[PDB]
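Asks: Pasting the sequence and an experimental structure:
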Amino acid sequence: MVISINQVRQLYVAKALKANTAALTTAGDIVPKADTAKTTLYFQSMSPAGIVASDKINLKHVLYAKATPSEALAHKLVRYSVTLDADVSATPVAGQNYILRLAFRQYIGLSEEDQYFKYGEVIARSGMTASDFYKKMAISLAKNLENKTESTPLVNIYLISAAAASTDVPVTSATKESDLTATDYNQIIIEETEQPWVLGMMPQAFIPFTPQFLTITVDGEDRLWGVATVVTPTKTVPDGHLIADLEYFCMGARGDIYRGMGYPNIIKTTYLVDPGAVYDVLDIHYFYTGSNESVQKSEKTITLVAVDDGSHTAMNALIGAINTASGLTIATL
Amino acid sequence: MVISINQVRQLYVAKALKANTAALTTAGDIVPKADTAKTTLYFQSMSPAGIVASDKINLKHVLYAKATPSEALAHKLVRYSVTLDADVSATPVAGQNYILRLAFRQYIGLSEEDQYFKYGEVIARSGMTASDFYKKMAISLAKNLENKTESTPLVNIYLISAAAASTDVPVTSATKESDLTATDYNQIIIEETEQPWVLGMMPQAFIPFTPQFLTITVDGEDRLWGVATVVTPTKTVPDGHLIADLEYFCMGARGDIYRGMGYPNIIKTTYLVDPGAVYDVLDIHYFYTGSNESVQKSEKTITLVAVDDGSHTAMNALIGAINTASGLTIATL
Amino acid sequence: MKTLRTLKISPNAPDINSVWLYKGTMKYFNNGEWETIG
Amino acid sequence: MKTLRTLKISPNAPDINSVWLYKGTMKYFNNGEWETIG
Amino acid sequence: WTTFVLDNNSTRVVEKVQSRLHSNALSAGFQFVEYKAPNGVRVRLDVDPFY
Amino acid sequence: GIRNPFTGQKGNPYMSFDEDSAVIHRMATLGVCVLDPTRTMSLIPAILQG
Ligand SMILES: [Mg+2]
């Protein structure tokens, strides 16, 4: 992805905090360096081609310094629950055609004017129970959706039985009626699906949607047959795919700009952030004011990333070494 | 506001009683002066810039002198109880649209032909009780009549439960359906509201209305649905706005006839009445005639305004000073 | 005063302005629901 | 779906496309026979 | 559509034909090839014998 | 500063700063009057009020 900057953005990867220079030997180490009077601050980081010392931060000229606990960057996959409401009818009316119009948006487009629609249809019967309706609607949902042989589908359709109430039965296009043997289905769950992601060409995007209903008639009036309520998400997307795209852009504010354009003749810039782990972020945003005529500030920022083991340990060791050497008070998370 | 006069009307504020001319120290004073042979009466009031007097009331030529309390100058905000007419249907029927029209009669203008019609409507469902109807209709009426968009306050809408039967709960456009949690609602009361008021430029008026019901079809006949009966009012508007506008008009008789017309250059009459305090009004009405063939009289009046505390201490002390000094039998209120 | 011109035999709810004739029931629309005769 | 439009009062049975009314008995043509409503 | 009664002067489901058997001899038959939905959506039939 | 990409002017007699950049600035003033709002009626769904 491409981002917006305040005239620069420099990113450095923190894999292991050594104590000082001549201890940085492996690729990805870092040590925050400062002087004894706490005037300037810079990060000596080991690039895989040698020690690369960062831009010197004048400590009187810092706007903010804040860190991110790496759970504030995880996207939550929204879940909708499709139930027959007790206001209209708790049982399927024996003659009515139940059509569920999923109203997707932003599909293979960038705007909300690129809208897509997928469906699911079950016409009820005389001895139609409510639990067999949620079994038959989800299979008919898994035929209009979930049929993409080429790519992974738009949404994930689940079924929760009332005897379990916390474990969802997966419904796919291979699933027939005989595979779902429970008799106590009470809802259908339409979860979002993590879209494909390649490093530096396609960003992490999502296709939002809203399950919409078509009108059935019960007492001679056209009523909406079900309700679509959003429950709290249970499956999240980790931080590996956003941070690796952030290193892809802010390594071009320091090094190679031609990131695979003339394909045989490129400069292969090795990337240090791997997409298979979550990553904390620490940001330091500062400026530079010159002497006697050049009072204008050339604002800058320095981004540090460290691997998160859940307990925020590797970032807290990095903030704990900056606050000692530089003297700033960054909030340890 | 602008009032009509019997050839003059002049006001003097009785903020204090000083009983002689030498004690006229602070503004708003009054001294009812009369001689030992009771033939002429006048009032020495302290203007903000000196001592002024009234006209010499000939005590044989007074016509009436009647003092009114503050509770005779308060306009009671009229109410209207909206209920379900049980002769039509005690319960809301399962299909019809229940629309209620509010027919205002003086919108913006002074005539009865400048009407205004607002509406509130509920689609009644099966199983809806009488109290669930009043919960949905006082919300649908509040989002029309008590929103943050309307230029004028139209009506104030309250609900009355059956357990309290007197205590009103306020509903507004921000009132949600979970705020009203009571299954014993028996009426919806629609009360008048006081209008915004600017001293001397925008008078005190109100917008009277009539809740009119639209017709619903019970059986095969369209039975006008509801009944709306008047209730004895509870909230009254204060007196101080009518008396702030009464001095502003009556200072122009003894002063400059124009008040701000042409503003580089005005003579600023400084007033002494508070619009947030309730007052009492005493009106000595008299005339003038000379001993000749000109038997035609020139009617006049003098308004006195004293503050009201609920027990009428200042006005009865003002009446009791006029009665002994001048020899007039003004009724102590 | 409320005219119904036609009658529809159906296993479903036919229309608000018609008579629903099932096997042994005659339902018609009244007060927001289907009132059976007899 | 079979739409009945007319009601006929006769001592004998009318056609299959009309409702039969006699002496307090409603009958219409269902399941090949005349079926009583009540 | 209980609202709109479908008569014979506009649908013409039976038509007068000319035959030796009778003077007022009548045909019978109709078919729908088009539906016109609200807001301008018209659907027209096309039958390919490949299908 | 030195060059102006909005026009193509390499060189500068009157510099604004020294950081070799260029900022465009635009301003406008607009206004809409409605004389009488009682001559426009409206039906809005109640999920659009807030
Ligand atoms: Mg308007």
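Replies: Thanks, I have it. Numbering: from 1, shown residues only, chains lettered A, B, ... in the order given.
Asks: Chain C contacts on chain A?
Replies: Contacts of chain A with chain C, taken as CB under 8 Å from any CB of the partner chain, map to A:94-96, A:217-221. C-beta: built from backbone N, CA, C; applies to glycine.
Asks: one more time with 6 Å, if that's ok
Replies: Residues of chain A lying close to chain C (CB under 6 Å from any CB of the partner chain) are A:95, A:217, A:219-220.
Asks: Out of the residues you listed, flag the one nearest to residue F:11.
Replies: residue A:217 (77.5 Å; CB to CB).
Asks: Throw the residues of chain A next to chain C into TSV and include distance to residue A:42, secondary structure and neighbour count, thanks.
Replies: Formatted as TSV, the residues of chain A next to chain C follow (distance: CB to CB, whole Å; DSSP: H, G, I helix; E, B strand; the rest coil; neighbours: other CB atoms under 10 Å in any protein chain shown):
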residue	distance to residue A:42	secondary structure	neighbour count
A:95	76	coil	16
A:217	73	strand	17
A:219	75	coil	18
A:220	77	coil	17
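Asks: Need the residues you listed in TSV (columns: distance to residue B:138).
Replies: Formatted as TSV, those follow (distance: CB to CB, whole Å):
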residue	distance to residue B:138
A:95	38
A:217	30
A:219	26
A:220	28
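Asks: Residue of chain E nearest chain B, please.
Replies: residue E:2 (16.9 Å; CB to the nearest CB).
Asks: residues in contact with the residue sitting nearest the centre point of chain A?
Replies: Centroid-nearest residue in chain A: residue A:75, 3.5 Å away (criterion: CA atoms, centre = their mean). Taking CB atoms under 6 Å, 6 or more residues apart in numbering or on different chains, we find residue A:75 in contact with residue A:237.
Asks: Bridged to it, which residues?
Replies: On the basis of DSSP bridges, residue A:75 is bridged to residue A:237.
Asks: where's it relative to residue A:36, distance?
Replies: 44 Å (CB to CB, to the nearest Å).
Asks: Quick check: closest non-adjacent residue to the residue of chain E closest to chain B.
Replies: Spatially, and ignoring its direct neighbours in sequence, residue E:2 is nearest to residue C:15 (4.7 Å; CB to CB, 6 or more residues apart in numbering or on different chains).
Asks: mind checking which helix or strand the residue in chain E that chain F sits nearest to is in?
Replies: Nearest residue of chain E to chain F, counting by CB to the nearest CB: residue E:39, 18.9 Å away. Following DSSP states H and E, one finds residue E:39 outside all helices and strands.
Asks: How about the residue of chain F positioned farthest from its centre, nearest residue that isn't a chain neighbour?
Replies: Outermost residue of chain F with respect to the C-alpha centroid, by CA atoms, centre = their mean, is residue F:46; its distance is 33.0 Å. Distances taken as CB to CB, 6+ apart place residue B:143 nearest to residue F:46, at 5.8 Å, with adjacent residues excluded.
Asks: Same check on residue A:273?
Replies: Nearest to residue A:273 is residue A:247, by CB to CB, 6+ apart, at 4.4 Å.
Asks: Wait, a helix at the one you found?
Replies: Yes - counting by DSSP: H, G, I helix; E, B strand; the rest coil, residue A:247 falls inside a helix.
Asks: For the residue of chain E closest to chain B, grab the count of nearby residues.
Replies: 14 (other CB atoms under 10 Å in any protein chain shown).
Asks: got a list of what it touches?
Replies: Taking CB under 6 Å, 6+ apart as the criterion, residue E:2 is in contact with C:15, C:17-18.
Asks: On the three-state scheme, the residue of the stretch 1-150 of chain A found nearest chain F is what?
Replies: Residue of the stretch 1-150 of chain A nearest chain F, by CB to the nearest CB: residue A:7 (8.4 Å). Of the three states, residue A:7 takes coil according to three-state DSSP.
Asks: Please enumerate the strands of chain C.
Replies: C:6-9, C:18-21, C:26-30, C:33-36 (DSSP state E).
Asks: same check, this time on chain E
Replies: Counting by DSSP E, the strands of chain E are E:16-17, E:25-26, E:34-36, E:42-44.
Asks: Could you dump these into a markdown table and include mean neighbour count?
Replies: Below are those laid out as a markdown table (neighbours: other CB atoms under 10 Å in any protein chain shown):
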| stretch | mean neighbour count |
| --- | --- |
| strand E:16-17 | 12 |
| strand E:25-26 | 10 |
| strand E:34-36 | 9 |
| strand E:42-44 | 8 |
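Asks: Please name whichever of those is nearest to residue A:119.
Replies: So among the strands of chain E, strand E:42-44 is nearest, using CB to CB, at 17.1 Å.
Asks: Strand partners (parallel or antiparallel) of that closest one?
Replies: Using DSSP bridges, strand E:42-44 pairs in its sheet with strand E:34-36 (antiparallel).
Asks: elements contacting the helix or strand where residue A:212 lies?
Replies: Under the criterion of DSSP H and E, residue A:212 resides in strand A:209-213. Where contact means 3 or more CB pairs under 6 Å, 6 or more residues apart in numbering or on different chains; DSSP states H and E, strand A:209-213 is packed against strand A:97-105.
Asks: contacting residues around the next helix or strand after the strand it packs on?
Replies: Where DSSP H and E defines the elements, the next helix or strand beyond strand A:97-105 is strand A:115-118. Contact with strand A:115-118 is made by A:102, A:104-105, A:107, A:144-145, as judged by CB under 6 Å, 6+ apart.
Asks: Not counting sequence-adjacent ones, nearest residue to the residue nearest in space to the middle of chain E?
Replies: In chain E, the residue lying closest to the centroid (CA atoms, centre = their mean) is residue E:30, at 3.8 Å. Using CB to CB, 6+ apart and skipping the chain neighbours, the partner closest in space to residue E:30 is residue E:13 (4.4 Å).
Asks: got it, and residue A:289?
Replies: Excluding its sequence neighbours, the residue lying closest to residue A:289 (CB to CB, 6+ apart) is residue A:297, at 5.5 Å.
Asks: Can you list phi and psi of the closest residue to the ion within chain F for me?
Replies: For chain F, the residue closest to the ion is residue F:40, as judged by CB to the ion, at 3.6 Å. Torsion angles at residue F:40 (phi, psi; degrees, to the nearest 10) stand at phi -130, psi 120.
Asks: which residues touch residue A:37?
Replies: Counted by CB under 6 Å, 6+ apart, residue A:37 has zero contacts.
Asks: any idea how far residue A:26 is from residue A:322?
Replies: The span separating residue A:26 from residue A:322 equals 21 Å under the rule CB to CB.
Asks: The two: who's more crowded?
Replies: Legend: neighbour count by other CB under 10 Å for residue A:26 and residue A:322, higher for residue A:322 (22 against 10).
Asks: Next, the contact list for the residue of chain F closest to the ion, please.
Replies: Per CB under 6 Å, 6+ apart, neighbours of residue F:40: none.
Asks: follow-up on the earlier one: what values do phi and psi take at the nearest residue to the residue of the stretch 1-150 of chain A closest to chain F once chain neighbours are set aside?
Replies: Using CB to CB, 6+ apart and skipping residues adjacent in sequence, the residue nearest residue A:7 is residue A:299, 5.7 Å away. Per-residue torsions, residue A:299: phi -70, psi 140 (degrees, to the nearest 10).
Asks: Wait, residue A:299 touches residue A:289, no?
Replies: No - look at residue A:299 against residue A:289 with CB atoms under 6 Å: they stay out of range, at 10.2 Å.
Asks: out of the two, which sits in the busier spot?
Replies: Per other CB under 10 Å, whichever of residue A:299 and residue A:289 has more neighbours is residue A:299, with 15 against 12.
Asks: hmm, back to that, listing partners with orientation, what would you give for the strand holding residue A:212?
Replies: Per DSSP bridges, strand A:209-213 is paired in its sheet with strand A:97-105 (antiparallel).
Asks: Pull out the buried positions in the strand it pairs with.
Replies: Within strand A:97-105, the residues that count as buried by 16 or more other CB atoms under 10 Å in any protein chain shown are A:98-100, A:102, A:104-105.
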